[PDB]
Each structure stands twice: as structure tokens, then as C-alpha cells.
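Participant: Dropping a structure here in C-alpha cells format, bear with me for questions.
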Amino acid sequence: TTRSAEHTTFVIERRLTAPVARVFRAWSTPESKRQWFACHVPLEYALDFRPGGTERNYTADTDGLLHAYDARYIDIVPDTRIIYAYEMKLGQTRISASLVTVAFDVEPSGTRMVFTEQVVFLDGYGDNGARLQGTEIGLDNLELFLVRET
Amino acid sequence: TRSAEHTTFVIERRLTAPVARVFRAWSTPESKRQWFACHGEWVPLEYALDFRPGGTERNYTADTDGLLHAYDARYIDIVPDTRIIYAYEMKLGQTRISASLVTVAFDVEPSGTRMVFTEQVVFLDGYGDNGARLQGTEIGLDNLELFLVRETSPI
């Protein structure tokens with residue numbers, strides 16, 4: 001059928017009302033990341049937060065289809081930046097690959113976070129803005145997670 | 001002083017070779033090394049290709065002033081004769097200067113092969129690329145073309 005690739009980039013910017021060390025721990029700590037990112041529950045979740053390390057989040061939807069997120073960290077600067085690449089498969093079908101940059105900056109009060117994703121959608125997978133929308137929601141969950149551990 | 005600059009570039013070429021041959025120039029370690037790793041007055045230090053999803057490629061070369069240019073890639077998706085997707089990092093010494101997601105797509109044309117190379121890159125911490133990666137990639141893809149030409153079978 002359609003073997004094809006569609007590329008796009010999106011950027012999300014948030015001011016977080018938490019100190020950067022706490023914000024970063026929400027990304028680097030397996031229990032924390034599983035909570036705000038993966039539970040909103042996975043069949044498999046693992047996080048090895050090191051350059052070269054991997055993250056997995058495998059979850060089945062209500063009708064049995066396995067959604068498999070696999071990431072590999074490329075660059076981690078403590079309390080400053082996280083760069084990783086990830087792929088999403090549904091069943092055995094790869095639907096996308098992305099390079100993600102998350103940058104953190106101290107402000108006189110909170111933390112500014114800029115999330116940039118450079119993604120390719122594969123073989124006619126119909127994104128139609130859903131990845132951006134889902135990431136906005138995911139980042140809303142990170143914010144609630146930070147608020148509730150205050 | 002930490003920072004990140006994002007960009008995407010696309011190179012499209014029409015290659016005067018059949019797609020099977022074009023794809024083997026990417027999939028075959030000895031072939032890839034010839035057009036990707038063989039330049040020039042620099043010191044080749046390491047080349048390796050493990051061409052499969054999850055596999056890695058390394059190309060480490062020292063420039064004439066002794067700076068190690070270290071290319072490390074990891075394949076994400078490979079569709080035989082059709083598409084290669086990989087992510088890579090470039091380090092100079094131990095300093096990471098960039099990370100990229102590359103998509104290479106191959107299409108059969110009435111005559112030859114259409115190749116579309118798309119790179120989504122982030123340049124790190126003020127590394128001043130200023131279009132140099134695009135220009136270097138254009139030159140590298142020119143070397144692929146010469147490789148293919150010289151591998152051609154006679155009439």
C-alpha cells in the first residue's frame with residue numbers, strides 16, 4: 001500500500017511552578033515517570049535514565065491492541081536537558097519515530113520547560129495533530145504530579 | 001551555556017541505478033564504508049555497520065589537528081529496498097554537538113531510483129552549524145553516486 005513518511009516538528013512551552021531539581025526528578029525517577037506518563041496502567045514499564053539507556057512503556061488498549069513505546073536516551077544534562085529518540089508501534093506495526101528535546105531553565109521563581117519533538121509518521125498513519133494534543137495532555141499530567149507531591 | 005537549535009533539511013536525488021543496488025550501498029558494510037567513511041587526508045580510526053533495526057553504525061575519524069569526529073547511529077526502521085530510519089549523534093572529542101533523526105526513502109522511477117533524504121537535527125550548546133551539515137550531506141550523497149557509478153556493470 002502506502003509506504004510513505006510525513007515529517008513534522010512541534011514545540012510546547014510551559015512554566016512549571018516547581019524547582020528544576022524536582023522537575024528533573026519527575027523525569028529521571030522510574031516510579032515518578034511511570035506515574036505521570038504511563039498511568040492515565042502499563043503491562044511493561046522500565047526506565048534506565050542514562051545516555052544510551054532505554055525506556056519502555058507497553059500498554060494494551062481496551063480492545064487488546066498493544067501500544068509499544070520504546071525510547072533510547074541520547075543526551076542527558078542534569079537539571080538542564082534530556083534528548084531521546086523513540087518509536088511507537090501498534091501491535092507489530094511501527095507508526096512513528098521521533099527525536100525529542102526537553103530543555104529546562106531556572107526562572108526567578110519556577111522552571112521554564114521547552115519540549116520539542118521532531119517526528120516522522122509512517123505508511124499513512126493518520127496523526128492529524130493527535131501527537132501534539134496528547135503531549136499537551138501528558139505535560140498537564142506532569143504538572144499535576146508535581147503539584148500533588150508538593 | 002546550554003542551548004538547542006532545531007532544523008530539518010531535505011535532499012532529493014535521482015540516481016541512475018536500480019533500487020536494489022542503491023539499497024545495498026547502504027546495507028552493506030564494505031560498500032557503505034567506501035562512500036561514507038573514506039575521506040580524506042583525515043585518519044580513519046573505526047568503522048562498523050550492523051544493519052538491522054536496533055543495530056548500530058560507528059564512523060570515527062580524526063581530523064588533521066587530532067580532533068576525533070565520532071559518528072554513532074542506531075537503526076530504528078528498515079524496509080528492504082524502500083526505507084531506512086535511524087537516529088545519530090555527532091561528538092567532537094567528548095563534546096556532543098548534535099543529534100538527528102534521519103529518514104531515507106527509496107522509490108522506483110521509470111528510469112532509476114528517486115532517493116529522498118530527510119534529516120531532523122538539533123545542534124547543541126552553540127555549535128555553529130550555519131548550514132554545514134546540509135552541505136556536508138550533499139557532498140556525502142555525491143560520493144554515494146560516484147560509488148554506484150563505479151560499481152556499474154558494462155553494457
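Following the order of the C-alpha cells, chains are lettered A, B, ..., residues in each are numbered from 1, and ligands are numbered from 1.
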Which residues of range 42-144 of chain B come within 12 Å of range 109-131 of chain A, and for each one, what is the closest pair of atoms and their distance in Å to one decimal, counting only C-alpha atoms, sorted by chain and residue number, as JSON lines?

Facilitator:
{"residue": "B:76", "atom": "CA", "partner": "A:120", "partner_atom": "CA", "distance": 11.6}
{"residue": "B:77", "atom": "CA", "partner": "A:122", "partner_atom": "CA", "distance": 10.1}
{"residue": "B:78", "atom": "CA", "partner": "A:122", "partner_atom": "CA", "distance": 11.8}
{"residue": "B:79", "atom": "CA", "partner": "A:123", "partner_atom": "CA", "distance": 11.1}
{"residue": "B:82", "atom": "CA", "partner": "A:123", "partner_atom": "CA", "distance": 11.4}
{"residue": "B:83", "atom": "CA", "partner": "A:122", "partner_atom": "CA", "distance": 10.3}
{"residue": "B:84", "atom": "CA", "partner": "A:122", "partner_atom": "CA", "distance": 11.6}
{"residue": "B:85", "atom": "CA", "partner": "A:120", "partner_atom": "CA", "distance": 9.3}
{"residue": "B:86", "atom": "CA", "partner": "A:120", "partner_atom": "CA", "distance": 11.2}
{"residue": "B:87", "atom": "CA", "partner": "A:118", "partner_atom": "CA", "distance": 11.4}
{"residue": "B:99", "atom": "CA", "partner": "A:118", "partner_atom": "CA", "distance": 11.1}
{"residue": "B:100", "atom": "CA", "partner": "A:118", "partner_atom": "CA", "distance": 9.1}
{"residue": "B:101", "atom": "CA", "partner": "A:118", "partner_atom": "CA", "distance": 7.8}
{"residue": "B:102", "atom": "CA", "partner": "A:120", "partner_atom": "CA", "distance": 9.3}
{"residue": "B:103", "atom": "CA", "partner": "A:120", "partner_atom": "CA", "distance": 8.1}
{"residue": "B:104", "atom": "CA", "partner": "A:120", "partner_atom": "CA", "distance": 11.4}
{"residue": "B:105", "atom": "CA", "partner": "A:122", "partner_atom": "CA", "distance": 11.2}
{"residue": "B:118", "atom": "CA", "partner": "A:120", "partner_atom": "CA", "distance": 9.8}
{"residue": "B:119", "atom": "CA", "partner": "A:118", "partner_atom": "CA", "distance": 9.7}
{"residue": "B:120", "atom": "CA", "partner": "A:118", "partner_atom": "CA", "distance": 6.3}
{"residue": "B:121", "atom": "CA", "partner": "A:118", "partner_atom": "CA", "distance": 8.2}
{"residue": "B:122", "atom": "CA", "partner": "A:118", "partner_atom": "CA", "distance": 9.2}

Participant: Within 10 Å of chain B, which residues of chain A show up? Give each one with its shortest atom-to-atom distance in Å (one decimal) and the two atoms involved, counting only C-alpha atoms, rows by chain then rising residue number, as a Markdown table.

Facilitator:
| residue | atom | partner | partner_atom | distance |
| --- | --- | --- | --- | --- |
| A:3 | CA | B:82 | CA | 7.9 |
| A:4 | CA | B:105 | CA | 8.0 |
| A:5 | CA | B:105 | CA | 8.2 |
| A:6 | CA | B:103 | CA | 10.0 |
| A:7 | CA | B:118 | CA | 8.5 |
| A:8 | CA | B:8 | CA | 8.9 |
| A:9 | CA | B:120 | CA | 8.6 |
| A:72 | CA | B:74 | CA | 9.6 |
| A:74 | CA | B:89 | CA | 7.4 |
| A:75 | CA | B:96 | CA | 8.1 |
| A:77 | CA | B:2 | CA | 9.1 |
| A:80 | CA | B:2 | CA | 7.6 |
| A:81 | CA | B:2 | CA | 8.3 |
| A:83 | CA | B:99 | CA | 8.2 |
| A:84 | CA | B:99 | CA | 9.0 |
| A:85 | CA | B:87 | CA | 7.0 |
| A:86 | CA | B:76 | CA | 8.6 |
| A:87 | CA | B:76 | CA | 7.5 |
| A:94 | CA | B:77 | CA | 8.0 |
| A:96 | CA | B:77 | CA | 9.5 |
| A:97 | CA | B:76 | CA | 7.6 |
| A:98 | CA | B:101 | CA | 7.1 |
| A:99 | CA | B:101 | CA | 6.1 |
| A:100 | CA | B:122 | CA | 9.4 |
| A:101 | CA | B:122 | CA | 8.1 |
| A:102 | CA | B:4 | CA | 9.7 |
| A:103 | CA | B:3 | CA | 8.0 |
| A:104 | CA | B:2 | CA | 9.7 |
| A:105 | CA | B:2 | CA | 9.4 |
| A:116 | CA | B:6 | CA | 8.5 |
| A:117 | CA | B:6 | CA | 9.6 |
| A:118 | CA | B:120 | CA | 6.3 |
| A:119 | CA | B:120 | CA | 8.1 |
| A:120 | CA | B:103 | CA | 8.1 |

Participant: How would the residues just picked look written out with N, CA, C and O atoms as a compact mmCIF listing (two decimals), in the first residue's frame?

Facilitator:
# COMPACT_ATOMS: atom_id res chain seq x y z
N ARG A 3 3.62 2.90 1.39
CA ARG A 3 4.83 3.12 2.18
C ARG A 3 5.10 4.60 1.96
O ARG A 3 5.16 5.06 0.82
N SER A 4 5.23 5.35 3.05
CA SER A 4 5.37 6.79 2.94
C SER A 4 5.77 7.36 4.29
O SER A 4 5.69 6.68 5.30
N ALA A 5 6.21 8.61 4.29
CA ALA A 5 6.66 9.23 5.53
C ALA A 5 6.29 10.70 5.54
O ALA A 5 6.50 11.42 4.57
N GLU A 6 5.74 11.15 6.65
CA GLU A 6 5.34 12.53 6.81
C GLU A 6 6.10 13.07 8.01
O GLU A 6 6.05 12.48 9.09
N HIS A 7 6.81 14.17 7.81
CA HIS A 7 7.62 14.74 8.88
C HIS A 7 7.00 16.02 9.44
O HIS A 7 6.42 16.82 8.71
N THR A 8 7.16 16.22 10.73
CA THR A 8 6.72 17.48 11.31
C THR A 8 7.47 17.71 12.60
O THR A 8 8.13 16.80 13.11
N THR A 9 7.41 18.94 13.09
CA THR A 9 8.02 19.32 14.36
C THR A 9 6.95 20.07 15.12
O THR A 9 6.19 20.84 14.53
N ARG A 72 15.29 5.59 23.55
CA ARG A 72 16.69 5.47 23.94
C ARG A 72 17.22 6.87 24.16
O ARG A 72 17.07 7.72 23.28
N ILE A 74 19.82 9.85 24.44
CA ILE A 74 20.98 10.23 23.65
C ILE A 74 21.88 11.16 24.46
O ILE A 74 23.09 10.98 24.50
N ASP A 75 21.26 12.11 25.15
CA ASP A 75 21.99 13.18 25.85
C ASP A 75 21.23 13.56 27.11
O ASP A 75 20.05 13.87 27.04
N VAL A 77 21.73 16.13 30.40
CA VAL A 77 22.46 17.11 31.20
C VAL A 77 21.64 17.40 32.46
O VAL A 77 20.56 17.98 32.38
N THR A 80 18.98 20.17 33.22
CA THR A 80 19.18 21.08 32.10
C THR A 80 18.55 20.60 30.78
O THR A 80 17.88 21.37 30.10
N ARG A 81 18.79 19.34 30.43
CA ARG A 81 18.34 18.87 29.13
C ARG A 81 18.25 17.35 29.06
O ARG A 81 19.03 16.63 29.68
N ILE A 83 17.62 14.53 25.84
CA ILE A 83 17.37 14.26 24.44
C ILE A 83 17.21 12.75 24.32
O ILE A 83 18.05 11.98 24.83
N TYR A 84 16.13 12.32 23.68
CA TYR A 84 15.96 10.91 23.38
C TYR A 84 15.28 10.71 22.05
O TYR A 84 14.64 11.63 21.53
N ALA A 85 15.43 9.51 21.50
CA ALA A 85 14.71 9.11 20.28
C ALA A 85 13.73 8.01 20.69
O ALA A 85 14.04 7.21 21.56
N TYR A 86 12.56 7.97 20.08
CA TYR A 86 11.64 6.91 20.43
C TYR A 86 10.84 6.46 19.23
O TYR A 86 10.77 7.16 18.22
N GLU A 87 10.27 5.27 19.33
CA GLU A 87 9.46 4.73 18.27
C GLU A 87 8.18 4.25 18.93
O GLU A 87 8.17 3.87 20.11
N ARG A 94 5.11 -0.43 13.22
CA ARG A 94 5.70 0.83 13.63
C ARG A 94 4.91 1.97 13.00
O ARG A 94 4.68 1.98 11.80
N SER A 96 5.53 5.47 14.07
CA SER A 96 6.30 6.70 14.12
C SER A 96 7.66 6.52 14.77
O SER A 96 7.90 5.56 15.51
N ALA A 97 8.55 7.45 14.46
CA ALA A 97 9.80 7.62 15.20
C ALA A 97 9.98 9.11 15.45
O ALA A 97 9.56 9.93 14.64
N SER A 98 10.60 9.47 16.57
CA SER A 98 10.73 10.87 16.93
C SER A 98 12.06 11.12 17.61
O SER A 98 12.63 10.22 18.21
N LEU A 99 12.54 12.35 17.50
CA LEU A 99 13.65 12.83 18.31
C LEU A 99 13.06 13.91 19.20
O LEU A 99 12.40 14.84 18.72
N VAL A 100 13.25 13.76 20.51
CA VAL A 100 12.65 14.67 21.47
C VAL A 100 13.74 15.38 22.26
O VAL A 100 14.69 14.75 22.72
N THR A 101 13.60 16.70 22.37
CA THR A 101 14.47 17.54 23.19
C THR A 101 13.62 18.21 24.27
O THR A 101 12.62 18.87 23.98
N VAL A 102 14.01 18.01 25.52
CA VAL A 102 13.33 18.65 26.64
C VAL A 102 14.39 19.50 27.31
O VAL A 102 15.40 18.98 27.77
N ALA A 103 14.19 20.81 27.34
CA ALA A 103 15.16 21.73 27.91
C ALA A 103 14.53 22.44 29.10
O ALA A 103 13.36 22.83 29.04
N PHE A 104 15.31 22.62 30.16
CA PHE A 104 14.82 23.20 31.40
C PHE A 104 15.66 24.43 31.73
O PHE A 104 16.89 24.41 31.56
N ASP A 105 15.01 25.48 32.20
CA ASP A 105 15.72 26.70 32.58
C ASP A 105 15.13 27.31 33.84
O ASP A 105 13.91 27.44 34.00
N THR A 116 10.37 19.85 22.57
CA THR A 116 10.38 19.90 21.11
C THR A 116 10.42 18.49 20.56
O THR A 116 11.24 17.68 20.97
N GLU A 117 9.53 18.18 19.63
CA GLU A 117 9.53 16.84 19.07
C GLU A 117 9.62 16.97 17.57
O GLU A 117 8.88 17.74 16.96
N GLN A 118 10.57 16.25 17.00
CA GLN A 118 10.75 16.15 15.56
C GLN A 118 10.35 14.72 15.24
O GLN A 118 10.99 13.78 15.71
N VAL A 119 9.26 14.56 14.49
CA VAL A 119 8.66 13.24 14.33
C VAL A 119 8.47 12.89 12.85
O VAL A 119 8.36 13.76 12.01
N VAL A 120 8.47 11.59 12.56
CA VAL A 120 8.09 11.10 11.25
C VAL A 120 6.96 10.07 11.46
O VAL A 120 7.09 9.16 12.27

Participant: What lies within 9 Å of residue 90 in chain A using only C-alpha atoms, ignoring chain neighbours under 6 positions off, as a ChimeraX atom specification?

Facilitator: /A:65-69

Participant: Write to file, as a short mmCIF file (atom, residue, chain, number, x, y, z; two decimals), in the first residue's frame, the residues of the selection just made, with N, CA, C and O atoms.

Facilitator:
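Result file is result-v8.cif:
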data_model
loop_
_atom_site.label_atom_id
_atom_site.label_comp_id
_atom_site.auth_asym_id
_atom_site.auth_seq_id
_atom_site.Cartn_x
_atom_site.Cartn_y
_atom_site.Cartn_z
N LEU A 65 -5.25 -4.15 21.66
CA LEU A 65 -4.15 -3.76 20.79
C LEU A 65 -3.01 -3.26 21.65
O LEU A 65 -3.21 -2.40 22.50
N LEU A 66 -1.81 -3.80 21.45
CA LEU A 66 -0.66 -3.39 22.26
C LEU A 66 -0.05 -2.12 21.71
O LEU A 66 0.31 -2.06 20.53
N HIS A 67 0.07 -1.10 22.57
CA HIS A 67 0.74 0.14 22.21
C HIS A 67 2.14 0.10 22.83
O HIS A 67 2.29 0.10 24.05
N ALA A 68 3.16 0.07 21.99
CA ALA A 68 4.51 -0.12 22.49
C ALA A 68 5.36 1.10 22.20
O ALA A 68 5.62 1.46 21.05
N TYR A 69 5.78 1.73 23.29
CA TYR A 69 6.64 2.89 23.26
C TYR A 69 8.04 2.40 23.64
O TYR A 69 8.19 1.76 24.67
#

Participant: Name the residues of range 10-136 of chain B that come out as helix (DSSP H, G or I) in a backbone DSSP run; write them as a PyMOL selection string.

Facilitator: chain B and resi 19-27+29-37+132-136

Participant: Quick one: pick out all strand (DSSP E) residues within range 23-119 of chain B from a backbone DSSP run and write them as a PyMOL selection string.

Facilitator: chain B and resi 43-49+56-62+68-79+83-92+95-108+113-119

Participant: The selected residues should be written to file as a JSON list (two decimals), in the first residue's frame (atoms: C-alpha atoms).

Facilitator:
[["chain", "number", "residue", "atom", "x", "y", "z"],
["B", 43, "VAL", "CA", 42.74, 9.49, 9.89],
["B", 44, "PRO", "CA", 40.13, 6.71, 9.78],
["B", 45, "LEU", "CA", 40.01, 5.21, 13.27],
["B", 46, "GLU", "CA", 36.91, 2.99, 13.33],
["B", 47, "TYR", "CA", 34.10, 1.95, 11.04],
["B", 48, "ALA", "CA", 31.40, -0.62, 11.77],
["B", 49, "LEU", "CA", 27.92, -1.33, 10.45],
["B", 56, "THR", "CA", 24.47, 0.39, 15.33],
["B", 57, "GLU", "CA", 26.83, 2.16, 12.97],
["B", 58, "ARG", "CA", 30.05, 3.88, 14.02],
["B", 59, "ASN", "CA", 32.30, 6.12, 12.00],
["B", 60, "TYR", "CA", 35.20, 7.63, 13.97],
["B", 61, "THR", "CA", 37.78, 9.74, 12.19],
["B", 62, "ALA", "CA", 40.43, 12.18, 13.36],
["B", 68, "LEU", "CA", 38.06, 12.96, 16.96],
["B", 69, "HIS", "CA", 34.90, 13.20, 14.89],
["B", 70, "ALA", "CA", 32.69, 10.46, 16.30],
["B", 71, "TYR", "CA", 29.51, 9.48, 14.45],
["B", 72, "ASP", "CA", 27.30, 6.95, 16.27],
["B", 73, "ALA", "CA", 23.97, 5.85, 14.77],
["B", 74, "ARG", "CA", 21.24, 3.41, 15.76],
["B", 75, "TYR", "CA", 18.79, 2.00, 13.20],
["B", 76, "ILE", "CA", 15.11, 2.29, 14.05],
["B", 77, "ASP", "CA", 13.25, 1.05, 10.99],
["B", 78, "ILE", "CA", 14.40, -0.70, 7.85],
["B", 79, "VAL", "CA", 12.14, -1.68, 4.98],
["B", 83, "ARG", "CA", 13.21, 2.91, 3.65],
["B", 84, "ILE", "CA", 15.84, 3.34, 6.34],
["B", 85, "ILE", "CA", 15.24, 5.35, 9.51],
["B", 86, "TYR", "CA", 17.99, 5.93, 12.04],
["B", 87, "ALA", "CA", 18.96, 8.31, 14.84],
["B", 88, "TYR", "CA", 22.54, 9.50, 15.26],
["B", 89, "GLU", "CA", 24.75, 11.66, 17.46],
["B", 90, "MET", "CA", 27.88, 13.53, 16.48],
["B", 91, "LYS", "CA", 30.59, 14.18, 19.09],
["B", 92, "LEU", "CA", 33.78, 16.17, 18.67],
["B", 95, "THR", "CA", 31.60, 17.05, 23.30],
["B", 96, "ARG", "CA", 28.24, 16.20, 21.76],
["B", 97, "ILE", "CA", 27.40, 18.76, 19.09],
["B", 98, "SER", "CA", 24.23, 17.32, 17.55],
["B", 99, "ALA", "CA", 21.59, 14.61, 17.46],
["B", 100, "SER", "CA", 19.48, 13.71, 14.41],
["B", 101, "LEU", "CA", 16.64, 11.59, 13.15],
["B", 102, "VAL", "CA", 17.23, 10.61, 9.52],
["B", 103, "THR", "CA", 14.71, 9.18, 7.07],
["B", 104, "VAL", "CA", 15.95, 7.80, 3.77],
["B", 105, "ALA", "CA", 13.21, 6.78, 1.34],
["B", 106, "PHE", "CA", 13.75, 4.97, -1.99],
["B", 107, "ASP", "CA", 11.27, 4.88, -4.89],
["B", 108, "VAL", "CA", 11.48, 3.11, -8.24],
["B", 113, "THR", "CA", 15.76, 5.49, -8.34],
["B", 114, "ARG", "CA", 14.38, 8.50, -6.52],
["B", 115, "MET", "CA", 16.04, 8.93, -3.14],
["B", 116, "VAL", "CA", 14.74, 11.37, -0.55],
["B", 117, "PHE", "CA", 16.96, 12.03, 2.46],
["B", 118, "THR", "CA", 15.30, 13.91, 5.33],
["B", 119, "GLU", "CA", 17.21, 14.95, 8.44]]

Participant: Pick out the residues sitting within 7 Å of residue 54 in chain A, and hand them over as a ChimeraX atom specification; count only C-alpha atoms, and ignore anything fewer than 2 positions along from it in its own chain.

Facilitator: /A:47-48,52,56,71-73

Participant: Within 10 Å of residue 25 in chain A, counting only C-alpha atoms, which residues show up once you throw out same-chain ones fewer than 4 positions away? Write them as a list in words, please.

Facilitator: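 Counting only C-alpha atoms, the residues come to residues 20, 21, 29, 30, 32, 33, 78, 79 and 146 of chain A.
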